[PDB]
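Asker: Provided herewith is a single structure, encoded as structure tokens, for subsequent inquiry.
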Amino acid sequence: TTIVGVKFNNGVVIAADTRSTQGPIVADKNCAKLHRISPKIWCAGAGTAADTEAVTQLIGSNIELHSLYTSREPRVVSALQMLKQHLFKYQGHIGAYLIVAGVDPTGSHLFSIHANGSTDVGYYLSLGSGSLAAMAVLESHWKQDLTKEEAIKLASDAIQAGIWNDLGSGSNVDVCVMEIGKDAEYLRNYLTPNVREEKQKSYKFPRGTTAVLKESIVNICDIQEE
Amino acid sequence: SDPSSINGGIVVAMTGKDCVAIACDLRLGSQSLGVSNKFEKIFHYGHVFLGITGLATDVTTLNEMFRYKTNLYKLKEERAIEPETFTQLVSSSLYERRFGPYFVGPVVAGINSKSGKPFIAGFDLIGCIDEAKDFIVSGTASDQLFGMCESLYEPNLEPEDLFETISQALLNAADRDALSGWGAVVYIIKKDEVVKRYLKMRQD
Amino acid sequence: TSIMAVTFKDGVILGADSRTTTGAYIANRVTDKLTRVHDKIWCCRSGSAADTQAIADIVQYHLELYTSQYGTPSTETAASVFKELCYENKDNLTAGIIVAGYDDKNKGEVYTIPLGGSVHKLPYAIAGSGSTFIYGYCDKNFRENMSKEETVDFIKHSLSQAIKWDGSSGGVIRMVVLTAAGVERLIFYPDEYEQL
Amino acid sequence: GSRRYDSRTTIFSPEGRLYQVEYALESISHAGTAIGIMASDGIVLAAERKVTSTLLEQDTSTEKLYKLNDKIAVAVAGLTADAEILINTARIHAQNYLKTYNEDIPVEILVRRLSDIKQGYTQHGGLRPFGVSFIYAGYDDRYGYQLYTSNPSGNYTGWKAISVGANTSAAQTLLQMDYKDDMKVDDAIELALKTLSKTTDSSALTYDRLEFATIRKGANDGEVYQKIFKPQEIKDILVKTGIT
Amino acid sequence: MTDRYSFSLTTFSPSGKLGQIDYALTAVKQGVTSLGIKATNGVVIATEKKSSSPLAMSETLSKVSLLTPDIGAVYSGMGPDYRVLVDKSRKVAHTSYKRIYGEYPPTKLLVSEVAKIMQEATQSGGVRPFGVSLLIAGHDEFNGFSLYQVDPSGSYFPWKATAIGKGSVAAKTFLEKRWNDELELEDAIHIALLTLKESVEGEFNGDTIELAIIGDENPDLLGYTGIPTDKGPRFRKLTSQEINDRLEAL
Amino acid sequence: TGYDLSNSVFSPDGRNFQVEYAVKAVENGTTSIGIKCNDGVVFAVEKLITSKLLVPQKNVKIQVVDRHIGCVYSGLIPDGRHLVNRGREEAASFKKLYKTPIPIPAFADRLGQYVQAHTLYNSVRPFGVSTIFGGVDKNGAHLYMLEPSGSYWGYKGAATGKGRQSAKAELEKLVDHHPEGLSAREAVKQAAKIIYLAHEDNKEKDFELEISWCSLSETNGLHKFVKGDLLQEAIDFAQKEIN
Amino acid sequence: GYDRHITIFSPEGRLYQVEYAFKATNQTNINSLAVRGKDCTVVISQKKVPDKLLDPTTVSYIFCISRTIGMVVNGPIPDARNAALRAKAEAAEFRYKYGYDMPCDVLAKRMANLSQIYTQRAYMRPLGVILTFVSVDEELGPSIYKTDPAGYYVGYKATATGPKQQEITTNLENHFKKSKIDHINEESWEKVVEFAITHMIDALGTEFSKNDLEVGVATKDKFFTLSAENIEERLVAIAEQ
Amino acid sequence: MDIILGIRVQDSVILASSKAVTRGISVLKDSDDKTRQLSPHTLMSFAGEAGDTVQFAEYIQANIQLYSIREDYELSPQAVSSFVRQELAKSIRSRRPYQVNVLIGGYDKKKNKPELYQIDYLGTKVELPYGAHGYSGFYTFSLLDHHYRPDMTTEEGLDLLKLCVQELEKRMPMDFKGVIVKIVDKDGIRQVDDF
Amino acid sequence: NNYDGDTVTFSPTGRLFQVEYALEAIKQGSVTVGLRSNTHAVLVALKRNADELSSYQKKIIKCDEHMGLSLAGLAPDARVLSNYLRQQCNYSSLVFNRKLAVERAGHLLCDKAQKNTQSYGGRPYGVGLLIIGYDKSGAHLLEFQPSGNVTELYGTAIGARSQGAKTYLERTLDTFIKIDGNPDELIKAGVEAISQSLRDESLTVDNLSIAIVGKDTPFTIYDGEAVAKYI
Ligand SMILES: [Cl-]
Ligand SMILES: [Mg+2]
Ligand SMILES: [Mg+2]
Ligand SMILES: [Mg+2]
Ligand SMILES: [Mg+2]
């Protein structure tokens, strides 16, 4: 997994690859790692996939209820505080490593979160097995006062570094841009640099190739009238 | 010792043109000893189908649990549960046992009754959802199944062509796994007809 | 970690490096280890980042609630709250915290709370992996009642050496000055302190 | 202290009656009449909605007839909200039994369980009883088609034909007159509607004031079907039996 | 200390009446009028913002509340009781449904959960019933548009159109003459404003009337783009200006 | 009516009659006072000698909390002991967490909230005591008086019990005649006089005088009992003033 | 007639214990007032020290709940301090859990919910107090939110509480009818306090010395109370024009 | 304990269970009956850890007898086996699990069919024509796979069972001191006293 | 009247009637006397029988080697309170290697009785106690009331007709306080004191109960022919 977060002029961008693995096997080639906590607070997760999804939804649910209770749009610091206290209580056993980004009435924010509850602040961050490959690109091309176009470019370039160089990462680049005073734009499959080539042969079988013992209609309908 | 490979078995699911297919082997064993050749791993709740691999006691328990929950769902909602909704229920139910999990590999398959859209999904033992467009695999020969499906599969196959593809994917994968085989079943699922076919295969 | 706090004539100054480490990989090169638990009571953190953040958040909560009921807490009181959490949860924590604060009655005070959860009031304190390399230097160079400029130089020079020898320490040197005049943040970059 | 304000809901009168149970039964006597009739080839459940409006959405409305599982249904007379609490408990009990034994719960076992819950509120806890009487219509392979009733005391009994709610004395006399053992479902449908038509406090019996259900083995071969009638289907059966 | 009131405070009287529930319904009768009308392509709920003082900012008091993106609620009776019920209703929509099925509950089932909470305050130890009647409007994929009333007893009923509180008897008669099964949403809003004018004494404008609809999906109110299946909330509260525009065509 | 049969019930006036009845028990008790001086506080109490068989100086009434707070009360003596026991727990937990000894205003609210809590439910009875307490902290001397309702304020001088009106009048004279302040030793003498003067409301039986004090200069900010020569000197001063 | 002793419905659908708690609210015989400026929120309250033996510095009904939120109470001091301690605990917990300062309107809602519970649960009595919360909120600006024993709460342009609330209310209403704006158009808080004291003098018809009043002021990032000498300076400016 | 076998023929179910009880070094008993009658037409044999086996079996017996009295009705073999499975599936995630494997042989009086269920300590249930637990199947299944017919008589089933026991007595290292054999059919449960 | 239904209710004059009714149970009880010198402390108790076939109810209970009490009122309540004292004396010895001070024992009894006067559901104790003991500050005598009030005295009496013995001790105060190093004479004074409360009946061999504790004397109870010497 490679995930990054990059601050820019009027907001923040996060990105991620789309490969999920079971040991050395690729379980899903087009996985969605960008999760929504609230409309304008999104996070990307590395580590145990069920944990990152579950902890995001629990805090996302509680954030929504909090937003309704207070009649205020949710804040990133609230999502951060709730995530870290939950993760600290479980002493690292919930394996969720997150980059949390968003815009709120206070401004634009970028944080990261380690599974044991430690948080940090930054202008550019990376997490996952491909974080070193990504951070190399970020440390080489990051500057202060990036534009929206420059930040999207830098973020996707950092994910590409993970895709090509880290065996734990691959396939496509997903991006989400959160700008102040605008709707967050989720760009699913922003880059697609790994389409499989046409195969040499068709493997469609002639009908009747498989040996069959018994056939029967399965009743999926409910008990009928009359 | 490893709970997920004591009993053995496999499940595979695929999508086609206006149809889905789900298939499984029939073996239950105690490690090397073959115990049963009639242990079906695919169940259905209305028009939603669920395959489960892994520890057999948990397979039986979870079937009974989801029958329980989908029956209460239907009574309260006054309609059958859909594949997309059921997928979330499986995920929720597995994660509630985060630190004492059911040792299983579930697979959901079905067609949404309102949109007509074919749907498949897979899970790890702890609830993480894999929603693939093409195919889902599970069990002690999942590596073998990934190899078969990746080469044999093409999109928009007609029901009777999809049957041949998924059948050959299962059969040849099972024959390269010691703990899978001893018979096989394939379900072909259309919007308002489902056909069930038992396959002839080697019994070693 | 290389952290320290030093009392001087006008109050107290806290100092720290900016390196956070998971193994040999620098997970953050621009970390802020100087943490505010009250207006003029800050702390330096060393050990597990999760643990020291969790503790500091709880202390900030405790002192915020203390203030609402009883007014501004003393530095001794803040140290006691830190100690209570560190002592009673010694089995499950890896935290080494230095507490520094400014009263008008007591002026500058420094308390160090090592691993066990004991408290020690000192004229100055050093902690973190990098502190081992500057016990000799600090003992020889510390004087009581130094000026602000002298204390900044003492901390700058001390942490410079700690950074030079300890691989776990590095980045920028951050400082926070606590006096009657208020709260001042300072930062010193590598090109400055490496040539000392 | 608090003793001052305690009504003591679980005490005997000097005559050996349970005050709250008796008063809850008084409440139920003002609820819409529900009737159950058991035939050889099925069971009928008929019930009257209480003084409705033209602006009530009938086709999505349910106040009388509830499904417990595919084989068992209930007719309600009393506080609807109290009934839904018990109905959900009964639905869970049925599923617990199905999970444990892998067989559908026998009708009497479900009835006994709900009745025991009602009993508890009369003996301990200091809470008010549930103001509900049920008619249970169900089928299992031991006793076949069965009708039961339970009331706030937690007592239950079996019936060939029975009514609960308003005008039960008049209704039970009419049922006792025309009921025969060899009766069929279509005949029982007519008896239930004719009895409601005569006992009703309304001016006339129309489709919008009724809820209707049948449990038939009129399901293709050895199986049982529950049919909760739609508004148009209640209108048709009213014309067929010659009431409108 | 300890809560030593473990016994029921609502009991059956010799006549079979549950006194505390009847008295709660009396409190609802004294409350300000609120109504709901269902159209073919939407539902409208409305009430009067009876301001307790002109120095009070009545925009800070919300009588019409969002429960889910597709479900809204209004009341008549005791305001504080309503406020806590809205809090509980919002939470139960998540805990007993969204955290299980990954989607928001259908209107009828959320109503069922709120009803259960109101029933328990009628039987549990050491509590009184809630002194409110709720009108809950909503939409969901398989049931379409719907409107429900919930009473202090916990009982609930579906309506094509209805009214509760002060002038409910007169308002329900007015609605019976105007309602048909071919109404468009704008027609239902028009009828809602006509009906509500009869029970209002003083000022009748966008600042004294609170009105919300369950209608088309609002992608402009979603807060993000990029997911085709997410098309936005169907609940929308009308602005003061939007109400006044429809009061000229009145 | 019936509003006075149960605690925590508002009457149609908006009154809690059970709390008002607790005040009657306080008014029935012996006289106790408190005087705030220049750098501390003085407490004194009237002890009625019911019989010759009572051992002199043994049945001590004034109680210490921590090492810097004194407490005295009029009314039901056991209720006062219960309140002081809670106060001692509150002071111990404060010092445990925060290290410093509990400030007097902080301590006042701890007692206040606890007494107020016994007006919230019908399962408990209000306290049948008014408590005069105080001491020295980092911000100087503080004197408080706390009623059955939970109400408390700071005082220059305070009095409660059967002879409270007499005592209050004497205290008001001291406030007027000494705007600059009173010394600790003067306050002990004055406290003796005021109790002797307040004993006219309890003139049937003879009594025993008991005094305590906390002063920054005289006791190092610690609570101590007045004993021996200093007590006799105060008794002599008091006896001289009544004659 | 036990429906008058505990919080259950009377045959008219009324809660008498709640109504009687509203009456306890005026037991102190003290009136309070709150107004909003451009940058601030001001609250003033009468101060009465009837006993010469009292330490006047300890007699107060204004509370510093958090750094940003202040609270004035109308009602007996025991119940006032009960509500104060709880509000302080709630504000601190909020900041710890959600990482930002609890807004004034949110704290008001929370205390109102707690009050609502006392009106529904029998074992708990209502508190005989009305709570007026003030701040300069970082999102909503100057804010006044007031809670009562029924569990009701709402925002205010300005408000008044006590035995003579109606006189003060009407006086404030008439001013805002003239100006046609929702606040006092003034730059400094000193002049907003002067407005508040002036309009209380007009409404009650009484003059005030420095010891007869109690003042609280909320600005961006802090709430504070004025000393007797700060109030004296305010009174001098009022008299000099 | 050790060897437990089961075979379902045309009209009955036959259960065979060893008689030995060994406590480490010595054989303490050679006549032990490793079975409990759950209801008139349902028998359960068992093997596993010492103590837990009898404790579990008697616990199940008590529960089924309680059901029989309450409803005045005998549960079907399928229903009993499901109850037993759930108890073991519950047990496997307990503080200290029941280490017990069982065979349930019953005659269903409604369907007029014999039924054999095999359940291990994890709660793994299968319906079989013939079954076993432990190492018993490793020696006997190749013989049963060859000779078994669904239309076998009870006498033919006993003969096939004798061949299985003979193979066990030849190739197994442990002396299990023979087997007690019991038949379950429409008339109930009976013991073959010469085997 | 309307305010005596439970212990949680004050009367309009600020009285607690349930506590006052508990006090009344003591007045119905048999007389018992307590007195002390500077070296010893003595309890004398008149035991009451049901009839001529019955035994005489025991009145004195030992709490430790250096402490014990006599009772008047509900005997089971004395058993509960004396058990609590035995435990508290015991806790002091085991944890602190310290004999529990008589004054501190009074404070503990006061607080235990108080909790039963301020809470709903409970009831006050229906017994009065006279505690004697010898600790590090010499001989002591305490009087316990179930209101919570505990008082240290030279001498006293509780129970029916206790006023006669109390007046005698008030006269003899200067004499019996000086009886140091003479146990027999101190008991004689106690037997003469309790005699001022007798009517119709006199002190017999199974009627009289005496207890003593002192400088070199463990708490010991005398009954039967052991008190014939003092008759
Ligand atoms: Cl709340
Ligand atoms: Mg194979
Ligand atoms: Mg093989
Ligand atoms: Mg370095
Ligand atoms: Mg209440």
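Every chain in the structure tokens has a letter given in the order shown (A, B, ...), and although residue numbers restart at 1 in each chain, ligands are simply numbered from 1 in the order shown.
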Which neighbours of residue 146 of chain B fall inside 10 Å, counting only C-alpha atoms, when residues of the same chain fewer than 6 positions from it are skipped, and could you give them as a CSV table (one decimal) with C-alpha atoms, in the first residue's frame?

Answerer:
```csv
chain,number,residue,atom,x,y,z
A,25,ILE,CA,-1.2,-12.8,-3.8
A,26,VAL,CA,-3.2,-9.9,-5.2
A,27,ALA,CA,-6.7,-10.2,-3.8
B,12,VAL,CA,-15.7,-19.4,-6.8
B,135,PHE,CA,-14.6,-12.9,-10.2
B,136,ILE,CA,-14.2,-13.9,-6.6
B,137,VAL,CA,-12.3,-16.9,-5.2
B,138,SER,CA,-12.0,-18.5,-1.7
B,169,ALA,CA,-12.0,-23.0,-13.4
B,173,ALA,CA,-8.1,-25.9,-9.5
```

Asker: Tell me the residues of chain E close to chain D, meaning within 8 Å using only C-alpha atoms, as a ChimeraX atom specification.

Answerer: /E:4-17,115-116,119,123-125,153-162,176

Asker: Selection from above, N, CA, C and O atoms, as a compact mmCIF listing (two decimals), in the first residue's frame, can you write it?

Answerer:
```txt
# COMPACT_ATOMS: atom_id res chain seq x y z
N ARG E 4 -34.75 4.82 43.40
CA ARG E 4 -35.57 3.85 44.14
C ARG E 4 -37.00 3.76 43.56
O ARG E 4 -37.85 3.06 44.12
N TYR E 5 -37.25 4.46 42.45
CA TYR E 5 -38.51 4.36 41.71
C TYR E 5 -38.41 3.30 40.61
O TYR E 5 -38.33 3.62 39.42
N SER E 6 -38.43 2.03 41.01
CA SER E 6 -38.32 0.91 40.06
C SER E 6 -39.69 0.42 39.58
O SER E 6 -39.78 -0.54 38.81
N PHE E 7 -40.76 1.10 40.01
CA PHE E 7 -42.14 0.70 39.70
C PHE E 7 -42.75 1.60 38.64
O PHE E 7 -42.28 2.72 38.42
N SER E 8 -43.80 1.12 37.98
CA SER E 8 -44.50 1.89 36.94
C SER E 8 -45.23 3.10 37.52
O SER E 8 -45.90 2.99 38.55
N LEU E 9 -45.10 4.24 36.85
CA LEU E 9 -45.86 5.44 37.18
C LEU E 9 -47.07 5.62 36.27
O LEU E 9 -47.88 6.53 36.48
N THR E 10 -47.18 4.78 35.25
CA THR E 10 -48.37 4.69 34.41
C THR E 10 -49.04 3.34 34.65
O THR E 10 -48.44 2.30 34.40
N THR E 11 -50.28 3.38 35.15
CA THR E 11 -51.04 2.17 35.44
C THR E 11 -52.47 2.28 34.92
O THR E 11 -52.98 3.37 34.69
N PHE E 12 -53.10 1.12 34.71
CA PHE E 12 -54.51 1.04 34.33
C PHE E 12 -55.42 1.44 35.48
O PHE E 12 -55.25 0.96 36.61
N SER E 13 -56.40 2.29 35.19
CA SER E 13 -57.45 2.65 36.14
C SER E 13 -58.62 1.69 35.98
O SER E 13 -58.70 0.99 34.96
N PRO E 14 -59.54 1.64 36.97
CA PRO E 14 -60.68 0.70 36.89
C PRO E 14 -61.44 0.67 35.56
O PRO E 14 -61.94 -0.38 35.16
N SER E 15 -61.50 1.81 34.87
CA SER E 15 -62.18 1.91 33.57
C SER E 15 -61.34 1.42 32.38
O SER E 15 -61.83 1.40 31.25
N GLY E 16 -60.09 1.05 32.64
CA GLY E 16 -59.19 0.56 31.59
C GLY E 16 -58.38 1.65 30.91
O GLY E 16 -57.70 1.41 29.91
N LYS E 17 -58.44 2.86 31.45
CA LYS E 17 -57.69 3.99 30.91
C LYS E 17 -56.28 4.00 31.48
O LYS E 17 -56.07 3.67 32.65
N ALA E 115 -41.08 4.89 18.04
CA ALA E 115 -42.28 4.39 18.71
C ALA E 115 -41.94 3.51 19.91
O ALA E 115 -42.58 3.61 20.95
N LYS E 116 -40.93 2.65 19.75
CA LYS E 116 -40.50 1.75 20.81
C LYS E 116 -39.97 2.51 22.04
O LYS E 116 -40.25 2.14 23.18
N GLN E 119 -42.98 3.98 23.78
CA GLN E 119 -43.72 2.93 24.49
C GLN E 119 -43.07 2.60 25.83
O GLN E 119 -43.77 2.36 26.82
N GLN E 123 -44.18 2.30 30.28
CA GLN E 123 -44.19 1.06 31.09
C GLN E 123 -43.01 0.94 32.07
O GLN E 123 -43.17 0.35 33.14
N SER E 124 -41.84 1.46 31.70
CA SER E 124 -40.65 1.38 32.55
C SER E 124 -40.80 2.09 33.89
O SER E 124 -41.67 2.94 34.06
N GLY E 125 -39.93 1.73 34.83
CA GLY E 125 -39.99 2.26 36.18
C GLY E 125 -39.57 3.72 36.28
O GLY E 125 -38.65 4.16 35.59
N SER E 153 -48.37 7.11 23.35
CA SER E 153 -48.52 5.69 23.68
C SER E 153 -47.50 4.81 22.96
O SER E 153 -47.21 3.70 23.40
N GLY E 154 -46.96 5.32 21.85
CA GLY E 154 -46.05 4.56 21.00
C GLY E 154 -46.71 4.09 19.71
O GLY E 154 -46.05 3.54 18.84
N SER E 155 -48.02 4.30 19.60
CA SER E 155 -48.77 3.91 18.41
C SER E 155 -48.41 4.80 17.23
O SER E 155 -48.20 6.00 17.41
N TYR E 156 -48.34 4.21 16.04
CA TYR E 156 -48.08 4.99 14.82
C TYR E 156 -48.96 4.56 13.65
O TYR E 156 -49.32 3.39 13.53
N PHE E 157 -49.30 5.53 12.79
CA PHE E 157 -50.21 5.31 11.66
C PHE E 157 -49.70 6.05 10.43
O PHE E 157 -49.20 7.17 10.55
N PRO E 158 -49.82 5.44 9.23
CA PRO E 158 -49.47 6.14 7.99
C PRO E 158 -50.61 7.01 7.46
O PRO E 158 -51.77 6.62 7.54
N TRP E 159 -50.26 8.18 6.91
CA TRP E 159 -51.25 9.14 6.41
C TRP E 159 -50.95 9.61 4.98
O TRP E 159 -49.79 9.70 4.58
N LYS E 160 -52.01 9.91 4.24
CA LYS E 160 -51.90 10.65 2.98
C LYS E 160 -51.68 12.12 3.32
O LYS E 160 -50.83 12.79 2.72
N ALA E 161 -52.45 12.61 4.28
CA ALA E 161 -52.27 13.94 4.85
C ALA E 161 -52.91 13.99 6.23
O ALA E 161 -53.91 13.31 6.48
N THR E 162 -52.35 14.79 7.13
CA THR E 162 -52.91 14.95 8.48
C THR E 162 -52.39 16.19 9.21
O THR E 162 -51.49 16.88 8.73
N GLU E 176 -59.08 17.11 3.79
CA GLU E 176 -59.94 16.10 3.15
C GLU E 176 -60.58 16.61 1.85
O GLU E 176 -60.77 15.83 0.91
```

Asker: List all protein, DNA and RNA residues that have an atom no more than 9 Å from any atom of ligand 4, counting only C-alpha atoms and all ligand atoms, and report them as a VMD selection string.

Answerer: chain C and resid 19 162 to 171

Asker: Please identify which residues in segment 14-154 of chain I DSSP calls helix (DSSP H, G or I) from the backbone, and express them as a PyMOL selection string.

Answerer: chain I and resi 17-28+75-96+102-117

Asker: Residues of chain F within 12 Å of chain E, using only C-alpha atoms, as a PyMOL selection string?

Answerer: chain F and resi 7+117-125

Asker: As an NGL selection string, please: all residues of segment 2-192 of chain H that backbone DSSP puts in strand (DSSP E).

Answerer: :H and (4-8 or 13-18 or 21-23 or 26-29 or 35-39 or 42-48 or 100-108 or 113-119 or 125-127 or 130-132 or 179-185 or 188-192)

Asker: Give me, as a list in words, the set of residues whose atoms come within 10 Å of any atom of ligand 3, counting only C-alpha atoms and all ligand atoms.

Answerer: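 After applying the 10 Å limit, what remains is residues 32, 33, 34, 175, 177, 178, 179, 180, 181, 182, 202, 203 and 204 of chain B.
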
Asker: Distance cut-off 12 Å, counting only C-alpha atoms - which residues of chain B neighbour chain D? Return them as a VMD selection string.

Answerer: chain B and resid 60 to 78

Asker: Take the residues that were just selected and, keeping N, CA, C and O atoms, output them as a tab-separated table (two decimals), in the first residue's frame.

Answerer:
```
chain	number	residue	atom	x	y	z
B	60	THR	N	-21.25	-23.92	9.14
B	60	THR	CA	-22.59	-24.29	9.57
B	60	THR	C	-23.18	-23.21	10.48
B	60	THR	O	-24.34	-22.82	10.31
B	61	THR	N	-22.39	-22.74	11.44
B	61	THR	CA	-22.84	-21.71	12.38
B	61	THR	C	-23.27	-20.43	11.66
B	61	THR	O	-24.32	-19.87	11.95
B	62	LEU	N	-22.45	-19.98	10.71
B	62	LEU	CA	-22.73	-18.72	10.00
B	62	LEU	C	-23.94	-18.82	9.08
B	62	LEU	O	-24.69	-17.86	8.95
B	63	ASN	N	-24.13	-19.97	8.44
B	63	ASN	CA	-25.33	-20.20	7.65
B	63	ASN	C	-26.58	-20.06	8.51
B	63	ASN	O	-27.53	-19.37	8.14
B	64	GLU	N	-26.55	-20.72	9.67
B	64	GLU	CA	-27.65	-20.64	10.63
B	64	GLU	C	-27.84	-19.21	11.14
B	64	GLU	O	-28.97	-18.78	11.38
B	65	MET	N	-26.74	-18.48	11.30
B	65	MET	CA	-26.79	-17.09	11.77
B	65	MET	C	-27.39	-16.15	10.73
B	65	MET	O	-28.18	-15.28	11.06
B	66	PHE	N	-27.01	-16.32	9.46
B	66	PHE	CA	-27.53	-15.45	8.40
B	66	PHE	C	-28.96	-15.81	7.98
B	66	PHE	O	-29.71	-14.94	7.54
B	67	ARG	N	-29.34	-17.08	8.12
B	67	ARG	CA	-30.74	-17.48	7.96
B	67	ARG	C	-31.59	-16.79	9.03
B	67	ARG	O	-32.64	-16.22	8.73
B	68	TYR	N	-31.11	-16.85	10.27
B	68	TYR	CA	-31.72	-16.15	11.40
B	68	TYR	C	-31.95	-14.67	11.08
B	68	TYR	O	-33.06	-14.16	11.19
B	69	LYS	N	-30.88	-14.00	10.66
B	69	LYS	CA	-30.90	-12.55	10.46
B	69	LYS	C	-31.69	-12.11	9.22
B	69	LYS	O	-32.38	-11.09	9.25
B	70	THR	N	-31.60	-12.87	8.13
B	70	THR	CA	-32.35	-12.54	6.91
B	70	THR	C	-33.85	-12.83	7.05
B	70	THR	O	-34.67	-12.23	6.36
B	71	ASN	N	-34.20	-13.77	7.93
B	71	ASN	CA	-35.61	-14.04	8.24
B	71	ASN	C	-36.24	-12.90	9.03
B	71	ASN	O	-37.37	-12.49	8.73
B	72	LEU	N	-35.53	-12.38	10.02
B	72	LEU	CA	-35.99	-11.22	10.79
B	72	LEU	C	-36.03	-9.97	9.91
B	72	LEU	O	-36.93	-9.14	10.04
B	73	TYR	N	-35.05	-9.84	9.01
B	73	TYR	CA	-35.00	-8.73	8.05
B	73	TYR	C	-36.28	-8.69	7.22
B	73	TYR	O	-36.92	-7.66	7.09
B	74	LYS	N	-36.63	-9.85	6.66
B	74	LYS	CA	-37.79	-9.96	5.77
B	74	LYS	C	-39.11	-9.64	6.47
B	74	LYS	O	-39.97	-8.97	5.90
B	75	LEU	N	-39.25	-10.12	7.71
B	75	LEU	CA	-40.45	-9.86	8.51
B	75	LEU	C	-40.64	-8.37	8.80
B	75	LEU	O	-41.76	-7.87	8.78
B	76	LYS	N	-39.54	-7.67	9.07
B	76	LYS	CA	-39.58	-6.25	9.42
B	76	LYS	C	-39.64	-5.35	8.18
B	76	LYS	O	-40.42	-4.40	8.13
B	77	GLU	N	-38.83	-5.67	7.18
B	77	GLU	CA	-38.74	-4.87	5.95
B	77	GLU	C	-39.86	-5.15	4.95
B	77	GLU	O	-40.14	-4.33	4.08
B	78	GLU	N	-40.49	-6.33	5.07
B	78	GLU	CA	-41.53	-6.79	4.14
B	78	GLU	C	-41.02	-6.93	2.69
B	78	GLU	O	-41.76	-6.73	1.74
```

Asker: Using only C-alpha atoms, which chain B residues lie at most 9 Å away from chain A, written as number ranges by chain?

Answerer: B: 44-48, 91-92, 95, 98-99, 124, 126-132, 136-137, 143, 146, 151-154, 160-165, 167-168, 187, 192-201

Asker: Need to verify the contact set: segment 89-97 of chain I, 12 Å, only C-alpha atoms, exclusion of same-chain residues closer than 6 positions in sequence. Can you return it as a PyMOL selection string?

Answerer: chain I and resi 62-68+82-83+104-106+108-109+133+135

Asker: Go ahead and save the residues from that selection, with C-alpha atoms, as a compact mmCIF listing (two decimals), in the first residue's frame.

Answerer:
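Okay, part32.txt is ready:
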```txt
# COMPACT_ATOMS: atom_id res chain seq x y z
CA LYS I 62 -16.60 -8.18 75.75
CA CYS I 63 -15.11 -6.38 72.72
CA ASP I 64 -11.37 -6.78 73.41
CA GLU I 65 -8.95 -7.52 76.28
CA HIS I 66 -9.09 -3.81 77.20
CA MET I 67 -12.66 -2.87 76.18
CA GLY I 68 -16.31 -3.95 76.49
CA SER I 82 -20.62 -4.96 69.42
CA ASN I 83 -19.56 -7.16 66.48
CA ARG I 104 -11.96 6.59 68.77
CA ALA I 105 -14.27 3.60 69.35
CA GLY I 106 -17.01 6.08 70.29
CA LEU I 108 -16.79 4.92 64.96
CA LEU I 109 -20.06 3.92 66.69
CA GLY I 133 -12.09 0.54 78.72
CA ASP I 135 -6.10 2.45 77.13
```
